[PDB]
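Examining the three-dimensional arrangement
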2 protein chains.
Amino acid sequence: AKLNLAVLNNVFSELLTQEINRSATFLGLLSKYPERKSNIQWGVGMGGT
Amino acid sequence: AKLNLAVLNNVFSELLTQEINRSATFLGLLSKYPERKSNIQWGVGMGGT
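Residues numbered from 1 in each chain as written, not as in the entry; some residues may be left out. Chains lettered and ligands numbered in written order. Part of a larger assembly, values for the part shown. Heavy atoms only, no water.

**Details of the relation of the copies chain B and chain A**
With an RMSD of 0.6 Å, the fit of chain B onto chain A corresponds to turning through 60° and sliding 0.2 Å along the axis. Interpreted geometrically, this transformation is the action of a six-fold axis. Relative to the rotation axis, the C-alpha of B:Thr25 is the closest in chain B, positioned 40 Å from it. (Least-squares fit on C-alpha atoms.)

Here is the structure:
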């Protein structure tokens, strides 16, 4: 018959461990640009002469 | 009939040599901590978003 076997409390501690891998490497070097249009159009030149 | 044949002192020497391996290598570098609690509780964060 313990006098504090039901009053002692369970407290965690500030030790959150980052376990999941959410990395972004190839997104991090593509030299981003703000295109506010409907579709990107440029010109490709083949031969023929 | 010899004079000092019965009266002999068998004195030892200062040559105690220990032949045991009481080494603590992996224990001696763990950066020991004191704690006063029932059990350590921390939080491991997984993914899910």
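**Quick look at the environment of A:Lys32**
All names here are of chain A. Following the sequence through the fold, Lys32 ends up in the segment after β1 (17-18). Taking the C-alpha atoms as reference points, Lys32 and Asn4, 28 residues apart in sequence, are found 61 Å from one another. Among the polar contacts listed, one links the side chain of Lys32 to the backbone oxygen of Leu27, at a separation of 3.3 Å. (Helix = DSSP H or I, 4+ residues; strand = E, 2+ residues; numbered from the N terminus. Polar contact = N/O pair within 3.5 Å; in protein donor to acceptor, adjacent residues only side chain to side chain.)

**Some points on the interface of chain B and chain A**
Counting residues at the interface gives nine residues for chain B and eleven residues for chain A. When the two sides are added together, the surface that chain B and chain A hide from each other amounts to roughly 860 Å², 48% of it contributed by carbon and sulfur. Contact with chain A buries surface across chain B, with B:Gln41, B:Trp42 and B:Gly45 losing the most and accounting together for 52% of the total. At the surface where chain B touches chain A, the tally comes to five residue pairs in polar contact. Residue composition of the side of chain B that touches chain A, grouped by class: three nonpolar, six polar and no charged. (Contact = heavy atoms within 4.5 Å. Buried area = accessible area lost by both parts, 1.4 Å probe. Nonpolar A, V, L, I, M, F, W, Y, C, P; charged D, E, K, R; others polar.)

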